[PDB]
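Structure data follow from model02.cif (mmCIF, C-alpha atoms and all ligand atoms; chains and numbers go by the auth columns):
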```cif
data_data
#
loop_
_atom_site.group_PDB
_atom_site.id
_atom_site.type_symbol
_atom_site.label_atom_id
_atom_site.label_comp_id
_atom_site.label_asym_id
_atom_site.label_seq_id
_atom_site.Cartn_x
_atom_site.Cartn_y
_atom_site.Cartn_z
_atom_site.B_iso_or_equiv
_atom_site.auth_seq_id
_atom_site.auth_asym_id
ATOM 1 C CA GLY A 1 63.104 95.319 125.718 0.00 1 A
ATOM 2 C CA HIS A 2 64.373 95.953 122.131 0.00 2 A
ATOM 3 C CA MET A 3 66.320 94.411 119.160 0.00 3 A
ATOM 4 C CA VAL A 4 69.072 96.582 117.484 0.00 4 A
ATOM 5 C CA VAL A 5 68.779 95.864 113.701 0.00 5 A
ATOM 6 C CA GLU A 6 72.076 96.828 112.044 0.00 6 A
ATOM 7 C CA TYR A 7 72.298 98.102 108.478 0.00 7 A
ATOM 8 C CA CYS A 8 75.473 97.986 106.396 0.00 8 A
ATOM 9 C CA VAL A 9 77.218 101.378 106.958 0.00 9 A
ATOM 10 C CA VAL A 10 78.354 101.341 103.282 0.00 10 A
ATOM 11 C CA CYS A 11 75.141 100.439 101.360 0.00 11 A
ATOM 12 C CA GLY A 12 72.111 100.100 103.726 0.00 12 A
ATOM 13 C CA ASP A 13 71.542 96.400 103.027 0.00 13 A
ATOM 14 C CA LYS A 14 71.031 94.495 106.331 0.00 14 A
ATOM 15 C CA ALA A 15 74.462 93.876 107.846 0.00 15 A
ATOM 16 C CA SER A 16 75.745 90.325 108.428 0.00 16 A
ATOM 17 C CA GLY A 17 78.099 91.341 111.268 0.00 17 A
ATOM 18 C CA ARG A 18 81.198 93.351 112.266 0.00 18 A
ATOM 19 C CA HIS A 19 83.864 93.013 109.524 0.00 19 A
ATOM 20 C CA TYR A 20 87.221 94.867 109.651 0.00 20 A
ATOM 21 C CA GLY A 21 85.824 97.343 112.278 0.00 21 A
ATOM 22 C CA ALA A 22 82.534 98.205 110.521 0.00 22 A
ATOM 23 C CA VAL A 23 79.000 96.807 110.534 0.00 23 A
ATOM 24 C CA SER A 24 78.629 95.619 106.910 0.00 24 A
ATOM 25 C CA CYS A 25 76.866 93.225 104.504 0.00 25 A
ATOM 26 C CA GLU A 26 78.734 90.284 102.948 0.00 26 A
ATOM 27 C CA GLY A 27 79.048 92.126 99.575 0.00 27 A
ATOM 28 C CA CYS A 28 80.717 95.202 101.102 0.00 28 A
ATOM 29 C CA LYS A 29 82.996 93.002 103.324 0.00 29 A
ATOM 30 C CA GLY A 30 84.107 91.053 100.186 0.00 30 A
ATOM 31 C CA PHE A 31 84.542 94.267 98.169 0.00 31 A
ATOM 32 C CA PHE A 32 86.731 95.793 100.936 0.00 32 A
ATOM 33 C CA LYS A 33 88.872 92.641 101.425 0.00 33 A
ATOM 34 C CA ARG A 34 89.484 92.338 97.638 0.00 34 A
ATOM 35 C CA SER A 35 90.228 96.093 97.250 0.00 35 A
ATOM 36 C CA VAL A 36 92.809 95.997 100.109 0.00 36 A
ATOM 37 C CA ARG A 37 94.445 92.615 99.356 0.00 37 A
ATOM 38 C CA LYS A 38 94.799 93.337 95.585 0.00 38 A
ATOM 39 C CA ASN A 39 95.821 97.037 96.074 0.00 39 A
ATOM 40 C CA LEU A 40 92.983 98.041 93.716 0.00 40 A
ATOM 41 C CA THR A 41 92.805 101.685 92.664 0.00 41 A
ATOM 42 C CA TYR A 42 89.613 102.985 91.087 0.00 42 A
ATOM 43 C CA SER A 43 88.481 106.283 89.543 0.00 43 A
ATOM 44 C CA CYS A 44 85.087 107.917 89.875 0.00 44 A
ATOM 45 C CA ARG A 45 83.596 108.810 86.423 0.00 45 A
ATOM 46 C CA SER A 46 81.676 111.733 88.128 0.00 46 A
ATOM 47 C CA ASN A 47 82.507 114.142 90.997 0.00 47 A
ATOM 48 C CA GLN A 48 83.596 111.566 93.708 0.00 48 A
ATOM 49 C CA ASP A 49 80.123 112.192 95.295 0.00 49 A
ATOM 50 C CA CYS A 50 78.215 109.066 94.021 0.00 50 A
ATOM 51 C CA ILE A 51 75.290 107.521 95.985 0.00 51 A
ATOM 52 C CA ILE A 52 76.094 104.001 97.422 0.00 52 A
ATOM 53 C CA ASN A 53 73.015 101.901 98.116 0.00 53 A
ATOM 54 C CA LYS A 54 72.093 98.219 97.748 0.00 54 A
ATOM 55 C CA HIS A 55 70.534 98.815 94.233 0.00 55 A
ATOM 56 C CA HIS A 56 73.808 98.917 92.209 0.00 56 A
ATOM 57 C CA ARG A 57 76.408 99.036 95.042 0.00 57 A
ATOM 58 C CA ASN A 58 79.264 98.582 92.549 0.00 58 A
ATOM 59 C CA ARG A 59 78.348 101.293 89.933 0.00 59 A
ATOM 60 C CA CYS A 60 81.207 103.428 91.365 0.00 60 A
ATOM 61 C CA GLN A 61 83.936 101.344 93.040 0.00 61 A
ATOM 62 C CA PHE A 62 85.905 104.549 93.957 0.00 62 A
ATOM 63 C CA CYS A 63 83.002 105.997 95.952 0.00 63 A
ATOM 64 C CA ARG A 64 82.185 102.546 97.484 0.00 64 A
ATOM 65 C CA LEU A 65 85.777 102.201 98.774 0.00 65 A
ATOM 66 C CA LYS A 66 85.789 105.845 100.002 0.00 66 A
ATOM 67 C CA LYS A 67 82.553 105.131 101.963 0.00 67 A
ATOM 68 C CA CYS A 68 84.128 101.941 103.472 0.00 68 A
ATOM 69 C CA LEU A 69 86.980 104.140 104.805 0.00 69 A
ATOM 70 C CA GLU A 70 84.733 107.092 105.878 0.00 70 A
ATOM 71 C CA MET A 71 82.426 104.630 107.785 0.00 71 A
ATOM 72 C CA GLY A 72 85.474 103.223 109.655 0.00 72 A
ATOM 73 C CA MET A 73 86.265 99.966 107.872 0.00 73 A
ATOM 74 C CA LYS A 74 89.990 99.286 108.559 0.00 74 A
ATOM 75 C CA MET A 75 92.381 98.326 105.702 0.00 75 A
ATOM 76 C CA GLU A 76 94.961 97.362 108.335 0.00 76 A
ATOM 77 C CA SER A 77 92.470 94.702 109.766 0.00 77 A
ATOM 78 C CA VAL A 78 92.544 92.782 106.398 0.00 78 A
ATOM 79 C CA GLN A 79 95.168 90.037 107.103 0.00 79 A
ATOM 80 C CA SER A 80 97.999 89.832 104.448 0.00 80 A
ATOM 81 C CA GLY B 1 99.670 111.276 88.857 0.00 1 B
ATOM 82 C CA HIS B 2 97.642 110.749 92.070 0.00 2 B
ATOM 83 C CA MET B 3 96.922 112.107 95.618 0.00 3 B
ATOM 84 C CA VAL B 4 97.044 109.674 98.630 0.00 4 B
ATOM 85 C CA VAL B 5 94.109 110.719 100.906 0.00 5 B
ATOM 86 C CA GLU B 6 94.775 109.304 104.376 0.00 6 B
ATOM 87 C CA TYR B 7 92.032 108.298 106.778 0.00 7 B
ATOM 88 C CA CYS B 8 92.477 108.031 110.541 0.00 8 B
ATOM 89 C CA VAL B 9 93.464 104.361 111.223 0.00 9 B
ATOM 90 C CA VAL B 10 91.375 104.475 114.459 0.00 10 B
ATOM 91 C CA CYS B 11 88.062 106.119 113.389 0.00 11 B
ATOM 92 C CA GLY B 12 87.985 106.773 109.593 0.00 12 B
ATOM 93 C CA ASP B 13 87.739 110.566 109.905 0.00 13 B
ATOM 94 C CA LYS B 14 90.236 112.302 107.499 0.00 14 B
ATOM 95 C CA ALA B 15 93.663 112.109 109.176 0.00 15 B
ATOM 96 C CA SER B 16 95.550 115.324 110.031 0.00 16 B
ATOM 97 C CA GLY B 17 98.985 113.679 109.867 0.00 17 B
ATOM 98 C CA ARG B 18 101.345 111.074 111.415 0.00 18 B
ATOM 99 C CA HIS B 19 101.034 111.172 115.227 0.00 19 B
ATOM 100 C CA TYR B 20 102.946 108.746 117.507 0.00 20 B
ATOM 101 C CA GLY B 21 103.574 106.335 114.570 0.00 21 B
ATOM 102 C CA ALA B 22 100.013 106.219 113.144 0.00 22 B
ATOM 103 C CA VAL B 23 98.052 108.224 110.569 0.00 23 B
ATOM 104 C CA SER B 24 95.312 109.722 112.780 0.00 24 B
ATOM 105 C CA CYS B 25 92.805 112.589 113.216 0.00 25 B
ATOM 106 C CA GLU B 26 93.354 115.253 115.860 0.00 26 B
ATOM 107 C CA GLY B 27 90.685 113.693 118.141 0.00 27 B
ATOM 108 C CA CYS B 28 92.338 110.265 118.168 0.00 28 B
ATOM 109 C CA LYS B 29 95.837 111.833 118.628 0.00 29 B
ATOM 110 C CA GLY B 30 94.517 113.792 121.644 0.00 30 B
ATOM 111 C CA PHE B 31 92.720 110.744 123.052 0.00 31 B
ATOM 112 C CA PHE B 32 95.905 108.601 122.776 0.00 32 B
ATOM 113 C CA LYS B 33 98.169 111.306 124.320 0.00 33 B
ATOM 114 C CA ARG B 34 95.773 111.792 127.274 0.00 34 B
ATOM 115 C CA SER B 35 95.276 108.012 127.751 0.00 35 B
ATOM 116 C CA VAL B 36 99.089 107.423 127.847 0.00 36 B
ATOM 117 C CA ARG B 37 100.135 110.507 129.878 0.00 37 B
ATOM 118 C CA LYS B 38 97.362 110.064 132.528 0.00 38 B
ATOM 119 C CA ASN B 39 97.773 106.193 132.585 0.00 39 B
ATOM 120 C CA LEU B 40 94.013 105.933 131.999 0.00 40 B
ATOM 121 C CA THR B 41 92.474 102.442 132.259 0.00 41 B
ATOM 122 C CA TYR B 42 89.067 101.824 130.717 0.00 42 B
ATOM 123 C CA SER B 43 86.596 98.909 130.668 0.00 43 B
ATOM 124 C CA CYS B 44 84.395 97.910 127.754 0.00 44 B
ATOM 125 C CA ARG B 45 80.660 97.644 128.756 0.00 45 B
ATOM 126 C CA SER B 46 80.240 94.937 125.990 0.00 46 B
ATOM 127 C CA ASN B 47 82.578 92.185 124.611 0.00 47 B
ATOM 128 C CA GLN B 48 85.729 94.296 123.796 0.00 48 B
ATOM 129 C CA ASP B 49 84.590 94.261 120.103 0.00 49 B
ATOM 130 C CA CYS B 50 82.871 97.697 119.735 0.00 50 B
ATOM 131 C CA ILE B 51 82.875 99.553 116.368 0.00 51 B
ATOM 132 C CA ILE B 52 85.064 102.724 116.357 0.00 52 B
ATOM 133 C CA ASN B 53 84.024 105.280 113.765 0.00 53 B
ATOM 134 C CA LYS B 54 83.797 109.075 113.618 0.00 54 B
ATOM 135 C CA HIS B 55 80.043 108.963 114.579 0.00 55 B
ATOM 136 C CA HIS B 56 80.524 108.336 118.347 0.00 56 B
ATOM 137 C CA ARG B 57 84.316 107.803 118.616 0.00 57 B
ATOM 138 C CA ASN B 58 84.324 107.904 122.451 0.00 58 B
ATOM 139 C CA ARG B 59 81.314 105.580 123.130 0.00 59 B
ATOM 140 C CA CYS B 60 83.837 102.881 124.201 0.00 60 B
ATOM 141 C CA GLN B 61 87.176 104.315 125.367 0.00 61 B
ATOM 142 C CA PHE B 62 88.566 100.739 125.954 0.00 62 B
ATOM 143 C CA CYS B 63 87.949 99.695 122.335 0.00 63 B
ATOM 144 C CA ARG B 64 89.218 103.087 121.040 0.00 64 B
ATOM 145 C CA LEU B 65 92.561 102.685 122.928 0.00 65 B
ATOM 146 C CA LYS B 66 92.827 99.010 121.820 0.00 66 B
ATOM 147 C CA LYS B 67 92.340 100.134 118.159 0.00 67 B
ATOM 148 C CA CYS B 68 95.040 102.857 118.612 0.00 68 B
ATOM 149 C CA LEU B 69 97.483 100.115 119.722 0.00 69 B
ATOM 150 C CA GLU B 70 96.335 97.521 117.081 0.00 70 B
ATOM 151 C CA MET B 71 96.784 100.166 114.338 0.00 71 B
ATOM 152 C CA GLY B 72 100.375 100.839 115.486 0.00 72 B
ATOM 153 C CA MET B 73 100.081 104.020 117.559 0.00 73 B
ATOM 154 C CA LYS B 74 103.061 103.967 119.965 0.00 74 B
ATOM 155 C CA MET B 75 102.642 104.754 123.712 0.00 75 B
ATOM 156 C CA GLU B 76 106.437 104.996 123.964 0.00 76 B
ATOM 157 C CA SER B 77 106.359 107.915 121.381 0.00 77 B
ATOM 158 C CA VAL B 78 104.231 110.083 123.778 0.00 78 B
ATOM 159 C CA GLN B 79 106.804 112.392 125.534 0.00 79 B
ATOM 160 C CA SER B 80 106.622 111.300 129.261 0.00 80 B
HETATM 161 ZN ZN ZN C . 76.837 96.777 102.079 0.00 101 A
HETATM 162 ZN ZN ZN C . 81.825 107.915 92.188 0.00 102 A
HETATM 163 ZN ZN ZN C . 90.319 109.304 114.496 0.00 103 A
HETATM 164 ZN ZN ZN C . 84.021 98.318 123.804 0.00 104 A
#
```
Could you spell out this file's structure in structure tokens?
Amino acid sequence: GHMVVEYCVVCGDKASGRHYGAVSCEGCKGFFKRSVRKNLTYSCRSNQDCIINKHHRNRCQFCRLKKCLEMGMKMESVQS
Amino acid sequence: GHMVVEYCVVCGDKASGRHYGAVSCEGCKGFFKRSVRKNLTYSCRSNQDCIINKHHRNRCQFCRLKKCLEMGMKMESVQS
């Protein structure tokens, strides 16, 4: 038999569960909820190609939100 | 000024346009059309709570069709 050990699709921290249609950590869930609810717009200081990992997840909020969307987190699942 | 860069509401792939009342990729448009036209019924092997992302979009057809409907894709907009 086997355990499936899920990693956050956005940053690679261990996930806490399924949040808005993506397997994610609490930090990325909270970041996504806040970005969607508050209609936050961000800009990447570089080439919109930043690395997102658990080290400094929030160094580039633009690229972190992009990765949420590319990894299938659903803005429309955030109740408002 | 800014660009709005739409993601498929069902899987998070880049959308190709508005199809049957939802911003969706070609794969999810085709899946929805076929599901509605052919009156396809599916069953989820798990707890009707599967993740839908671009990685293995069709791993759970039940959950993919549910997400199409939850995200506002309209069966009634599929011509017969
Ligand atoms: Zn994370
Ligand atoms: Zn960036
Ligand atoms: Zn799609
Ligand atoms: Zn399923």
Dump as an MDAnalysis selection string the residues of chain A that approach chain B to within 9 Å, counting all atoms listed in the file. chainID A and resid 18 21:23 68:77
Shortest interatomic distance to ligand ZN 101 (chain A) - which of A:44, A:28, A:4, A:78, counting all atoms listed in the file: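 Using all atoms listed in the file, the shortest distance to ligand ZN 101 (chain A) belongs to A:28.
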Identify all residues satisfying the PyMOL selection byres (((not hetatm)) within 7 of (chain A and resi 102)) in the given file; provide them as a list in words.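 Written out, the selection comes to residues 44, 45, 46, 47, 48, 49, 50, 60, 61, 62 and 63 of chain A.
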Quick check, in Å to one decimal: how far apart do CA of residue 40 (chain A) and CA of residue 15 (chain B) lie?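 Straight-line distance from CA of residue 40 (chain A) to CA of residue 15 (chain B) works out to 20.9 Å.
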Point out the residue among B:20, B:26, B:1, B:59 with the least atom-to-atom distance to ligand ZN 103 (chain A), counting only C-alpha atoms and all ligand atoms. B:26
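In this model, the gap between CA of residue 32 (chain A) and CA of residue 3 (chain B) comes to 20.0 Å.
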Nearest residue to ligand ZN 103 (chain A) out of B:16, B:24, B:58, B:43, using all atoms listed in the file?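 Selected residue with least distance to ligand ZN 103 (chain A): B:24.
Among the candidate residues A:66, A:2, A:38, A:29, the one lying nearest to ligand ZN 101 (chain A) is A:29, with distances computed using all atoms listed in the file.
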Separation of CA of residue 35 (chain B) from CA of residue 80 (chain B) in Å: 11.9 Å
Among the residues A:39, A:57, A:17, A:33, the one that comes closest to ligand ZN 101 (chain A) [using only C-alpha atoms and all ligand atoms]: A:57
Generate the coordinates of N, CA and C atoms for region 19-44 of chain A; report them as a PDB file, in the frame of the given file.
```pdb
ATOM      1  N   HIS A  19      82.818  93.500 110.435  1.00  0.00           N
ATOM      2  CA  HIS A  19      83.864  93.013 109.524  1.00  0.00           C
ATOM      3  C   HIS A  19      84.896  94.135 109.404  1.00  0.00           C
ATOM      4  N   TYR A  20      86.142  93.865 109.766  1.00  0.00           N
ATOM      5  CA  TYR A  20      87.221  94.867 109.651  1.00  0.00           C
ATOM      6  C   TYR A  20      86.786  96.164 110.351  1.00  0.00           C
ATOM      7  N   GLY A  21      86.057  96.131 111.471  1.00  0.00           N
ATOM      8  CA  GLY A  21      85.824  97.343 112.278  1.00  0.00           C
ATOM      9  C   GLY A  21      84.604  98.118 111.822  1.00  0.00           C
ATOM     10  N   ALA A  22      83.775  97.540 110.969  1.00  0.00           N
ATOM     11  CA  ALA A  22      82.534  98.205 110.521  1.00  0.00           C
ATOM     12  C   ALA A  22      81.419  97.183 110.400  1.00  0.00           C
ATOM     13  N   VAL A  23      80.223  97.618 110.707  1.00  0.00           N
ATOM     14  CA  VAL A  23      79.000  96.807 110.534  1.00  0.00           C
ATOM     15  C   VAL A  23      78.648  96.802 109.037  1.00  0.00           C
ATOM     16  N   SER A  24      78.705  95.650 108.378  1.00  0.00           N
ATOM     17  CA  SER A  24      78.629  95.619 106.910  1.00  0.00           C
ATOM     18  C   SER A  24      77.944  94.345 106.420  1.00  0.00           C
ATOM     19  N   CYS A  25      77.431  94.393 105.189  1.00  0.00           N
ATOM     20  CA  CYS A  25      76.866  93.225 104.504  1.00  0.00           C
ATOM     21  C   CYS A  25      78.026  92.397 103.960  1.00  0.00           C
ATOM     22  N   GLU A  26      77.713  91.195 103.484  1.00  0.00           N
ATOM     23  CA  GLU A  26      78.734  90.284 102.948  1.00  0.00           C
ATOM     24  C   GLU A  26      79.364  90.902 101.692  1.00  0.00           C
ATOM     25  N   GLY A  27      78.565  91.518 100.822  1.00  0.00           N
ATOM     26  CA  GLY A  27      79.048  92.126  99.575  1.00  0.00           C
ATOM     27  C   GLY A  27      80.069  93.181  99.880  1.00  0.00           C
ATOM     28  N   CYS A  28      79.759  94.122 100.771  1.00  0.00           N
ATOM     29  CA  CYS A  28      80.717  95.202 101.102  1.00  0.00           C
ATOM     30  C   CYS A  28      81.962  94.651 101.810  1.00  0.00           C
ATOM     31  N   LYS A  29      81.825  93.696 102.707  1.00  0.00           N
ATOM     32  CA  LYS A  29      82.996  93.002 103.324  1.00  0.00           C
ATOM     33  C   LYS A  29      83.914  92.444 102.220  1.00  0.00           C
ATOM     34  N   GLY A  30      83.353  91.711 101.266  1.00  0.00           N
ATOM     35  CA  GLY A  30      84.107  91.053 100.186  1.00  0.00           C
ATOM     36  C   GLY A  30      84.753  92.083  99.272  1.00  0.00           C
ATOM     37  N   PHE A  31      84.023  93.169  99.011  1.00  0.00           N
ATOM     38  CA  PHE A  31      84.542  94.267  98.169  1.00  0.00           C
ATOM     39  C   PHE A  31      85.759  94.885  98.864  1.00  0.00           C
ATOM     40  N   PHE A  32      85.652  95.142 100.156  1.00  0.00           N
ATOM     41  CA  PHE A  32      86.731  95.793 100.936  1.00  0.00           C
ATOM     42  C   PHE A  32      87.972  94.888 100.988  1.00  0.00           C
ATOM     43  N   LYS A  33      87.779  93.633 101.330  1.00  0.00           N
ATOM     44  CA  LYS A  33      88.872  92.641 101.425  1.00  0.00           C
ATOM     45  C   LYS A  33      89.628  92.611 100.103  1.00  0.00           C
ATOM     46  N   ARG A  34      88.906  92.467  98.985  1.00  0.00           N
ATOM     47  CA  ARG A  34      89.484  92.338  97.638  1.00  0.00           C
ATOM     48  C   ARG A  34      90.209  93.644  97.282  1.00  0.00           C
ATOM     49  N   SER A  35      89.623  94.791  97.608  1.00  0.00           N
ATOM     50  CA  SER A  35      90.228  96.093  97.250  1.00  0.00           C
ATOM     51  C   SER A  35      91.577  96.216  97.978  1.00  0.00           C
ATOM     52  N   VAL A  36      91.609  95.829  99.238  1.00  0.00           N
ATOM     53  CA  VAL A  36      92.809  95.997 100.109  1.00  0.00           C
ATOM     54  C   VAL A  36      93.848  94.948  99.691  1.00  0.00           C
ATOM     55  N   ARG A  37      93.464  93.698  99.618  1.00  0.00           N
ATOM     56  CA  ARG A  37      94.445  92.615  99.356  1.00  0.00           C
ATOM     57  C   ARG A  37      95.137  92.854  98.009  1.00  0.00           C
ATOM     58  N   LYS A  38      94.347  93.233  96.999  1.00  0.00           N
ATOM     59  CA  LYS A  38      94.799  93.337  95.585  1.00  0.00           C
ATOM     60  C   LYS A  38      95.244  94.770  95.274  1.00  0.00           C
ATOM     61  N   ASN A  39      95.307  95.661  96.275  1.00  0.00           N
ATOM     62  CA  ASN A  39      95.821  97.037  96.074  1.00  0.00           C
ATOM     63  C   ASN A  39      95.068  97.682  94.917  1.00  0.00           C
ATOM     64  N   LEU A  40      93.745  97.530  94.858  1.00  0.00           N
ATOM     65  CA  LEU A  40      92.983  98.041  93.716  1.00  0.00           C
ATOM     66  C   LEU A  40      92.850  99.545  93.866  1.00  0.00           C
ATOM     67  N   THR A  41      93.045 100.237  92.759  1.00  0.00           N
ATOM     68  CA  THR A  41      92.805 101.685  92.664  1.00  0.00           C
ATOM     69  C   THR A  41      91.663 101.830  91.659  1.00  0.00           C
ATOM     70  N   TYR A  42      90.791 102.756  91.942  1.00  0.00           N
ATOM     71  CA  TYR A  42      89.613 102.985  91.087  1.00  0.00           C
ATOM     72  C   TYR A  42      89.565 104.472  90.772  1.00  0.00           C
ATOM     73  N   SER A  43      88.765 104.856  89.785  1.00  0.00           N
ATOM     74  CA  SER A  43      88.481 106.283  89.543  1.00  0.00           C
ATOM     75  C   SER A  43      86.985 106.441  89.414  1.00  0.00           C
ATOM     76  N   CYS A  44      86.490 107.495  90.014  1.00  0.00           N
ATOM     77  CA  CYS A  44      85.087 107.917  89.875  1.00  0.00           C
ATOM     78  C   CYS A  44      84.913 108.601  88.503  1.00  0.00           C
TER      79      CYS A  44
END
```
